[PDB]
Each structure stands twice: as structure tokens, then as C-alpha cells.
Amino acid sequence: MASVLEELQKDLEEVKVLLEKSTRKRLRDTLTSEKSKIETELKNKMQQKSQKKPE
Numbered sequence: 001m002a003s004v005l006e007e008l009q010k011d012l013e014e015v016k017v018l019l020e021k022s023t024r025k026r027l028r029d030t031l032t033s034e035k036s037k038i039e040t041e042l043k044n045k046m047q048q049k050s051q052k053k054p055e
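Numbering (UniProt numbering), first residue to last: 1 to 55.
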């Protein structure tokens with residue numbers, strides 16, 4: 001869990017760095033794309049077990 005949090009935080013930090021450096025509008029693209037991935041991975045990792053039916 002701390003693992004997952006750390007990885008998400010690290011990716012988010014890389015995002016912040018990219019946003020800051022790529023202040024030339026790129027921020028928008030970066031944020032939109034990568035935030036989706038961050039959220040997706042968070043949701044994946046949380047739900048992953050959750051007594052989920054083997055669909």
C-alpha cells in the first residue's frame with residue numbers, strides 16, 4: 001500500500017516537474033493524460049483484490 005502510494009506520488013512528482021519545465025502549454029496535455037493513468041492505477045490497485053468475481 002505504502003508502495004502504491006509511493007509510486008503514485010513519484011509519478012505525480014515527475015508530472016509536477018514536467019508541468020513546471022514544460023510551461024509552454026504542454027502542462028495541459030501532460031496533466032490530462034498522466035492524471036488519468038495515475039487515477040487508473042490507484043483505482044486498479046485498490047479494487048484489484050476486493051473479493052472481485054473472476055470475470
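No residue lacks a Cβ here, since even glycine has one placed at the ideal position from N, Cα and C.
Beta-carbon proximity list for residue i, same chain, < 8 angstroms, skipping 5 on both sides
i: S22; result: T30
Close beta carbons around residue i, own chain, < 6 angstroms, minus the five adjacent residues each side
i: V4; result: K45
i: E34; result: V15
7 angstroms CB neighbourhood of residue i in its chain, flanking five on each side removed
i: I38; result: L8, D11 and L12
i: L18; result: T30
contact_flag[the segment 14-28, the segment 47-55] where n(CB pairs < 8 angstroms) is 3 or more
no
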